Structure formats: structure tokens, C-alpha cells
Number of protein chains: 2
Amino acid sequence: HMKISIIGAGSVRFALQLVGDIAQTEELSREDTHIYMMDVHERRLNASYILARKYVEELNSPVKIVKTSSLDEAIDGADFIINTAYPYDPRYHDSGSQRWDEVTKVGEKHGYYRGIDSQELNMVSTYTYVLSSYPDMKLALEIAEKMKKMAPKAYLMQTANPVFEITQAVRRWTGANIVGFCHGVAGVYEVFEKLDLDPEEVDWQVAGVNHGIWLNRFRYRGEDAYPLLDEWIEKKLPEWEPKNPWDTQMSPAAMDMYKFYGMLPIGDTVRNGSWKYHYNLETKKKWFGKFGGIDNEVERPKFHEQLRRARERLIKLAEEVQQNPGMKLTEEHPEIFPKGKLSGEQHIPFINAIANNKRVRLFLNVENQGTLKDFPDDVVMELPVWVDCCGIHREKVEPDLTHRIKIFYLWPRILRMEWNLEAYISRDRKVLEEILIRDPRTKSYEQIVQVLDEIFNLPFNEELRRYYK
Amino acid sequence: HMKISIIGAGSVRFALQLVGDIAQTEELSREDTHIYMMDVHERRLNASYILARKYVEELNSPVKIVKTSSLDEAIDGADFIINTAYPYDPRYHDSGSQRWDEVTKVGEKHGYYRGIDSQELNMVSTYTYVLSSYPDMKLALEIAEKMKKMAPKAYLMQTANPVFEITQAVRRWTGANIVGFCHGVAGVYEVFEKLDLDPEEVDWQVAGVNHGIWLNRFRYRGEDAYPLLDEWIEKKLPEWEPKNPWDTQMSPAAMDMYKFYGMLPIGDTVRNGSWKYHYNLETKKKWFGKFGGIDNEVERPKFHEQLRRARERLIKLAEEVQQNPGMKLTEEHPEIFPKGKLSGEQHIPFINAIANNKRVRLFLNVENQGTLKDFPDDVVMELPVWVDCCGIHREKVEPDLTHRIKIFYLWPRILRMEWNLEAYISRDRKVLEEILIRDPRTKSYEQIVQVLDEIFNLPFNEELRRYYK
Ligand SMILES: NC(=O)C1=CN([C@@H]2O[C@H](COP(=O)(O)OP(=O)(O)OC[C@H]3O[C@@H](n4cnc5c(N)ncnc54)[C@H](O)[C@@H]3O)[C@@H](O)[C@H]2O)C=CC1
Ligand SMILES: NC(=O)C1=CN([C@@H]2O[C@H](COP(=O)(O)OP(=O)(O)OC[C@H]3O[C@@H](n4cnc5c(N)ncnc54)[C@H](O)[C@@H]3O)[C@@H](O)[C@H]2O)C=CC1
């Protein structure tokens, strides 16, 4: 049978996205497809299971769904292991977002706007946790080592952040068969929409590192199409306004990076600029418009509170479904339980490409292996690839990324990854200190010590404290 | 004949060092050895010539000395071209030190302690000028292009700073036969002296980039000798005191870098730490002892004033020598005009190794060419080499530099070199802005613009202004 395991299946909406895509993929929607849903939170796990079962039943799909609280049971003999888990200390918290919000506030207390985990070229909220992302890294490495023993054919499809750091560390330190997943590339379709271009007529390519990807090829009707972006900047950018806090692809920040680097940053890359765009909320609003993006002291707490209410509502929905088994979720909440339209994410196409040779182009975090020849072979990049039964085949990246992207953006971001991995494996607080010694917001060494101390002393960081002690 | 040209021969003491070494090297002290002394400053050039002639006459050396104000005449058919020139705008200044002192003060006015040219891993005073070192780079590239035409066999021996940036740019953009020169490696002999070790019994090696070199091998009697440094740190470091502002090799800063990186930084590398050691004068004194090193607002102006008085005194000596041709300089000022003892610098051994096959081990700035395999082949490194008539032969660097030196020190310093070269060749002020956007002392973008503006507007920066305009 085909065993697909979701680790952190209490991530309700994502679990439902995965299930619905599987149930709507002919080659996978079979009685021999077993979806294992695993999580450490009983209530969230049960809600995802109840909704996933009902959803499948309404889609007339014969896939079997299994819930389990045993990580080993989920890993054993799996063919694909999707890691979307976000660890937390259950004595203090109910989910992982809380530890990042609280550490961030301590960082701000000590003079680090948006927390010590916000750094140049890595502003994406919750991407790293206390620089080295100990609990997230630790879980990924634990899964990889169990996978090599109990499931040596499986793919570990890492979606929990930091995707770059984790995919790199697992590859390098375990050799387990990990691939990192992020669909930030989808930003390109808004570029095409704003320039009035049929995406099917655009010859495009993107490449870089996770949340550090660039539109390296953008061609239309046998010519460079970037001059069309030049026109849009001249004639449309003054009137641009974001539709919501996440809407940054065509923002002044993205175009300012385009003007300097020569290629347009794509997706979350636009959030990950230098400090020029992020010194404070006023600066963020100048460069991202009225919300100041999503990575600020107003919008991010607002969003994390929305997620909490959504978590509770879906759980309530699960209870409601038990009491009223006659209701059709596809009808009452079609947005959450759609039929006839795949989500568009890459996870289930990846599985269907590996297992059923349904060949597709995806953007995946895999070892460079010479694709960007100026970088080491073993560094994990986010690359355009074709996936089939024979594995993952990297496209040629042409044009190459510009010289400025290499020396000003990709290499600094790659070194930060190496810093963060060194901080994890050395168990050495001096390495965390050195990272903050390279941080523009540091004013003194005593400040670094004090901010780390207070973070380490937070009750829910007992394990972290002992690890670095 | 053998033609050795000194560009910037108004650098009196260095010129005299070169002349005296040539006059005391049997294979070079010949009638067929023509030393050309070239400089744009008539008074300084004439003083170096008069003293160089008298010095040789007192050394009973038959070398011919020629002074000229024509760069082309000095370059034409030369076999070796030593560039020690420090450009300046003669409408405002008398020497190059003045432009760096004044720009530095403007940087401090705008909140950049020790000027915008002081940066992490590059604190050495006067190493770069307004980041891209325009007048210094411009002169080196002008010499290289004249050399390829008028002297295609010559070695361009670059001693004027920035040695790293300039050697890299000349190699990459002209392919001229440049080699960069710095004797910072000499720090090792003080390490051996403080640990009571005969240098002849120490098996040692150093490697890195210019002013970024590390004692990668330190062995004594068939064992690692670093444990002897551990003992010294435990028992002698508390009593350490610098003999003068330049004395940093065994300082708390060097040992703190040793503890983190696993290898001891050598020479000027100790000046080139992170901002941990340099936030302010008090911090510098904690980490370098009572003077706070040489790269601070007290000691550096003091030193540049000493150099000025030395310049005038030597010039006066030249006049005195004319009026009193009976005096023996070797007798009256043996420290400046020694006999029977070579200086110990690398320039004349280099020449004698190339021209006369007198084979020697030196530390020179040359292309990596695989010596440090984790770095690009074309990046200029400061490497241990053997020089003979057949060229420059890199030793194998064993042990390799540590992982932390690579990701925390060498790679950041190499990227800064690439930033500085991009800032020069692009003629693009936005690249200078980006460098300051990566600077910890920057608080706002408006601050960057204002500090560059005021620097660009200084009268003696007219050429710089127009270049970036
Ligand atoms: N690329 C994509 O489509 C998506 C990416 N993600 C990423 O995954 C990470 C988590 O995000 P959310 O799902 O919204 O957070 P979440 O907190 O809502 O989900 C985490 C789930 O993992 C559970 N968990 C914690 N520790 C676990 C452990 N040892 N074993 C098994 N389960 C454990 C938690 O109980 C929770 O149910 C984020 O970094 C996010 O960016 C998650 C959703 C979709
Ligand atoms: N490795 C070594 O042994 C030494 C290295 N240097 C380095 O060279 C640079 C200059 O240092 P100093 O000699 O003390 O400064 P300096 O100002 O005393 O000497 C510079 C000389 O070059 C002349 N000059 C300026 N523009 C010129 C041009 N276009 N053509 C020919 N000559 C020109 C100047 O008139 C002056 O006489 C520094 O970066 C220094 O580190 C210099 C002395 C020895």
C-alpha cells in the first residue's frame, strides 16, 4: 500500500488541503492509499481526523485515514513523510506560535525591533527561533534518523520552518532523503497579471534559496520582458496599494530591490530585504504601503490571533460534525472543503510524480549540485526541477543570477544559514553571541549577553537552556 | 640591465629600506642594477634620491639610481615595479594621509566611529578610502595597463593599500602580473618568543587573506603546540601589557578570537576583529590594553603627526647632506642607514628569487588556485609560497582553516572585497549605500545619504564626485 504520513496533522487547514488534493488525484485516490495523521495535541488531532474523514466521504474517495499519537507508528514503512509540526512546551503553551511571540517581545525589550530572529534578508516572522531553531531542528533530525531505520525509501517533505536551515542540516548531518517545500514562487503570477500578460505566453524561471528567489528569466514573445516591468514602475507603481498585509510582490520595496539587483525578488523574498525597508513601522509603511507588510508589531499579533480563532472554530466544526452527521461540509463551507479544484500547492503533485510518474515542474529545496556553479554543490537551494519516478531533475538556470544577487544577497543569506547550523551543532552560546555581534541593532556586547540570558530563562526554554549549558 | 622602479619613492624610509637591501644583496648590487625612483612630489622625491645616493656610496655599492617625475619613464622596460604611492589632490593636500583623516572625521560627525572605512574585520586605519578606494584603485589600474604595454615581463609588486582589493581588481580586470605584499605574518615570531620557543624548532604555517591570516599550523617537537598557548593564556595573559599602540599580537582581543575560531589571528588580523572589540575607546582599551591599539581617535592622529615630522626631518637631512657632503649617514643615523643587516621585508628577496633563482619562502597575495579548496580559484589570498626563477609555488595549507574562520571571518571579508570592487567598477553610488546599509552603525537610510553627500562634497574629492555622478 501507499502510506502518506502527516506529522503535525493538527495543522488543520493544511491537513485538509493535503487530504482533499489526494482525494481528487485519480492515481492516488485509492483504497491502497493510507493517510496517517499524527500529532501530539489530542484535541487538534481529533478535529483534523473527523473533518478529514467526513471530507473524504463527501468526495466519494476510498482513501483510508488513520490517526495516531505515535511518531514511530506514523513513520514506520511510510512512503512519504510530510513534516508540518511546530513544537512547543505543553506545560506552558498550546501551540508553537506562542514561544516565538514571547521571545520576540523580549528581544524588543532589549532593543531588537521584531526580535533577534528578524535579521537582514530574513524578516519572515517565525522563520527561525532564537537563531538556531533548536526545537524545530531537533524534531526534524529525530524524524530523519527514525526514517533511515524504519522507512529507508521515504521522502521527508519538510514544510516547517526554517526550511533552508533544516533541509541543509538533515542532508548534511544524516544523509536522510529530505526535500524542502515552499510555494513562494507563486508570486510570479501576480507580476504577469499586473503587466497584462497571459502566463501561458511568458517564458520564465526563478531560482535562489528559500525565501530568497529571483525572477532570473522573464521573457515574452521572444524578447526580454523586464522592459515591461520598467514601464509599469514608471506608470503604475505610484498608484499601487496593497490589498492586505501579505500583498508585497509589486510594492516599492520589491521594485527598489529590482533596480539594485537587476532581477525582481519573488514572493517572501520581498519581505526579506535589507534593513533599509524595516528600521521601524513608519519605514515599513513607506516601502510596503499602508499595512507595513505582515512582519511588524501590529499586523503579526493580529494575524496570530486570527489563526487562534480559526483553530478553535475548526475544532468546534469537528464537534458539530459529530452531533450532526447529516451536514455536508463541501456545501456549508466550500472554501475550506472544495471539490473539483485542486489547491495548487506542490506536495501532492510531488507525491504523484514520484509514485505514479505524473511528471511535473516544481520549485523545491535541494542540493545545488552545480546548478548555480558559483556556490558549493552541497548547499540547499530553491530550484526549478522536474520530478518523475526517476527522481528530481534540476533545470539549467539561465540567465544566471546577477553578480549583485550573488555577493550582496545569496552569499550573505547562505552564510547566515551556516552560522545558524553552527550555533545548533556546537551547542555553543558564543556562536549565538557572534551572530548578534554581526547584527546592526547591537550597541554593546553586554546587551547581547543580557538579551540571550532573558530568552534562555523563559520557563518554556528549559530544554534550550540545558542544551546550551 | 635589471630595472627596479619605485613608484611613490617619496616614501622615504621605505625607499631607503629597498635601496639598502638591494645594495646588500650580492646578486643585485651590480652596475647593471638600475633603481628608478619616481614620485609626483618634487621635494620628497629629491630628498629620497639624495639620501639613497649617499647611502649607496657609503655602502660601496655600484647600483645606479635614477629619479624621474614621469610614471611612463619609470615603467618603460622595468623588470619590477613596486607601487607604494598614496595619491592626493595637490591643490589642497601635501600627502595622502590627509584625505583619509578628513573623511574619517566627517564619518564620525555623522555617527560612524572611526569613519565609514572602519568596518567589521577591517579596522586597519587608511586601508580603504570611501569604501571603494577610488584614487588608489585608479592609480593601480593605470599602472597595470601601462605595464602590459611598456613592460610585459614586469612584476607589479603592490604595497599600497587596499592590497586585497587592488590586487584582486588588477588581476581580474587587466590580467596584469600583480602580486600583493604585506609582512603581517611576522607576528608569529612574537608568539614564539612569549612561549619561550626557538623559532627554528617550530613547524608553523599561516594563511588567509591580507590582514586576515591565521596560524593554521603550530607544532613543536612532533605535537600540536597550541596547548602551550593555552597555558600562556591561563598563566601570562592577565599580566600582559602592550609595549606601544601597535603591540596587539598577544592581547586579550587576539586570545578571544583564538578561543572562538580555534586558530590565532596573526599580525594586523588582530586589529581586524568584529565590532565586539571596537565599539568605543573604552572597549578598545579593555581588549587591546592601555593605548586602545592604534586605530582610535587618540593614537592614530598622534601617529600621522609623527610621520609628518619624520617626513620633514628626512627632507632636512637631505639638505644637510648637500651642505655637508663629508658626513657619513651610516654613522650619524645607523637606525635609518644600517649596514650588514638586511631589513627583513619580502620585496628584495622576492626580486632576488625571481631574477637570480635565490629560492625563498614568502607570504604573498596571489590567486587561490585551489589552495583553500572551499573558496573560488580567482580570489586573491595571502598564502605561504616558495618563489624562484620558475615563478610562485603555493604550499599546501594543512591543517585547513577551521570551519568558523571560513563562515564567520574569511567569507564575510571576501564579500566585502567584492562589494568594494563592485562599488568601484559600477561607478554607482547605490552600491556604496548598500555597503552602509550592511553597517551596524547605520540608524537610517537618510543618514547614509547625508554622510556620503558630505564626503563627496569635500573639495579634494572633486574627481571622486564626478566619477560617481
Ligand atoms: N508550505 C505550506 O503549505 C505550509 C507550511 N507550514 C509551516 O509549518 C510550520 C507550522 O505552521 P502551522 O501549521 O500553522 O503551526 P501549528 O502550530 O498550527 O501546527 C503545528 C502542529 O504541529 C503539532 N506538533 C507540535 N509538535 C509536534 C510533534 N513533536 N510531533 C507531531 N506534531 C507536533 C502541533 O500540535 C500542531 O498541531 C510553519 O513554519 C509553517 O510555515 C504549515 C502549513 C502549510
Ligand atoms: N609593506 C611595506 O613595507 C610598506 C607599505 N606601504 C603602504 O603604501 C601606502 C602609502 O604609505 P606611505 O608610504 O607611508 O604614504 P606616503 O604619503 O608617505 O607615500 C606616498 C608617496 O607616494 C607619492 N605619490 C602620490 N601619488 C603618486 C602618484 N600618482 N605617482 C607616484 N607617486 C605618488 C606621494 O607623493 C608620496 O611621496 C600605505 O598604504 C602603506 O601601508 C608604504 C611603506 C612600506
Side-chain angles (χ1 to χ4, degrees), chain B residues 2-9 11 13-25 27-30 33-39 48-49 52-53 55-56 59 61-68 71 73-85 140 143-144 146-148 150-152 154-160 163 166-167 170-171 176-183 185-186 338 340 342-357 359-366 382-394:
Chain B
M2 159 71 42
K3 186 175 176 184
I4 305 168
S5 298
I6 304 168
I7 314 302
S11 185
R13 280 292 285 270
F14 185 47
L16 298 168
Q17 184 179 100
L18 292 171
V19 168
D21 272 4
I22 287 168
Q24 300 177 113
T25 300
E27 299 93 348
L28 295 174
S29 186
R30 313 283 187 190
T33 294
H34 301 337
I35 304 168
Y36 274 66
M37 294 175 70
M38 185 266 156
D39 200 304
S48 284
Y49 181 72
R53 299 279 307 289
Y55 192 16
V56 160
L59 296 162
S61 160
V63 301
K64 165 158 147 282
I65 297 172
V66 179
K67 66 170 169 53
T68 180
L71 177 62
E73 182 173 34
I75 290 172
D76 184 47
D79 300 291
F80 303 89
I81 304 170
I82 301 177
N83 178 18
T84 186
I143 291 172
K146 292 169 177 296
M147 188 182 62
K148 296 196 291 174
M150 312 161 208
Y155 271 92
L156 173 57
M157 305 161 58
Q158 179 73 20
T159 71
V163 164
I166 292 173
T167 305
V170 175
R171 282 297 312 169
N177 182 24
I178 183 164
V179 176
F181 282 74
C182 167
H183 205 208
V185 60
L342 296 167
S343 74
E345 259 288 15
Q346 310 190 108
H347 308 82
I348 303 310
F350 178 84
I351 294 169
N352 206 30
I354 290 291
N356 297 311
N357 195 37
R359 179 185 175 84
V360 61
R361 183 212 206 191
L362 306 170
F363 297 80
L364 299 177
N365 283 265
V366 299
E382 188 162 289
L383 296 176
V385 301
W386 292 80
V387 185
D388 61 23
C389 65
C390 290
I392 301 176
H393 323 277
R394 301 155 177 75

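Convention: sequence-line order gives letters A, B, ...; per-chain numbering from 1. Just so it is clear, the values below take in all heavy atoms, side chains as well, and ignore hydrogens, waters and symmetry mates.
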Residues B:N365 and B:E382: closest non-hydrogen pair is ND2-OE1, 2.9 Å
Between the CD1 atom in B:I351 and the CE atom in B:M157, the distance rounded to the nearest 0.5 Å is 4.0 Å
Who are the ring-ring contact (aromatic ring centres under 6.0 Å, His included) partners of B:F181, not counting sequence neighbours? B:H347, B:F350
Report the C-alpha separation of B:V170 and B:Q158 in whole Å, then their side-chain angles, then the decisive distance to 0.1 Å, and conclude whether the side chain to side chain contact (heavy atoms under 4.5 Å, CB included) test is met. CA-CA 10 Å; B:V170 175; B:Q158 179 73 20; over 6 Å; no
To the closest 0.5 Å, what do you measure between CE (B:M147) and OH (B:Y155)? 10.0 Å
Restricting to non-hydrogen atoms, name the atom on B:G180 and the atom on B:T167 that form the minimum distance, rounded to 0.1 Å. CA-OG1, 3.6 Å
B:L156: which of B:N177, B:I75, B:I82, B:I143 passes side-chain contact (heavy atoms from CB on, under 4.5 Å): B:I143
By side-chain contact (heavy atoms from CB on, under 4.5 Å), B:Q17 pairs with (sequence neighbours left out) B:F14, B:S343, B:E345
So, taking the atom named CD1 in B:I65 and the one named CZ in B:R53, what distance separates them when rounded to the nearest 0.5 Å? 6.5 Å
Side-chain donor/acceptor of B:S48 to backbone N/O of B:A9, under 3.5 Å: yes
Check step by step if side chain to side chain contact (heavy atoms under 4.5 Å, CB included) holds for B:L18 and B:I348. CA-CA 7 Å; B:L18 292 171; B:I348 303 310; 3.8 Å; yes
Checking the side chain of B:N352 only, and the main-chain atoms of B:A355 only, is there a donor and an acceptor separated by less than 3.5 Å? no
Please answer whether the main-chain N or O of B:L28 pairs with a side-chain N or O of B:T33 as donor and acceptor at a distance below 3.5 Å. yes
Within the side chain of B:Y55, is there an N or O that forms a donor-acceptor pair under 3.5 Å with the backbone of B:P338? yes
To the nearest 0.5 Å, how far apart are CD in B:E73 and CE in B:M150? 11.5 Å
Mark yes or no for whether B:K3, through its side chain, and B:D76, through its backbone, hold a donor-acceptor pair below 3.5 Å. yes
CD1 of B:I6 to CE of B:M38, rounded to nearest 0.5 Å, is 12.5 Å
B:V387 and B:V385: which non-hydrogen atoms are nearest, and at how many Å? CG2-CG2, 3.9 Å
When rounded to the nearest 0.5 angstrom, what is the spacing between CG in B:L364 and CD1 in B:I392? 5.5 Å
Pairwise side-chain contact, B:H393 with B:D388, heavy-atom cut-off 4.5 Å (strictly under): yes
Who passes side-chain contact (heavy atoms from CB on, under 4.5 Å) against B:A85, sequence neighbours left out? B:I7, B:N83, B:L139
Closest approach of B:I166 to B:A160 (non-hydrogen atoms, all atoms of both residues): CD1-O, 3.9 Å
Side-chain donor or acceptor of B:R171 paired with backbone N/O of B:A176 under 3.5 Å: yes
Nearest heavy-atom neighbours spanning B:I81 and B:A154: CD1-CB, 4.1 Å
Nearest heavy-atom neighbours spanning B:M37 and B:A15: CE-CB, 4.2 Å
Under 3.5 Å: donor-acceptor pair, side chain of B:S5, backbone of B:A74: yes
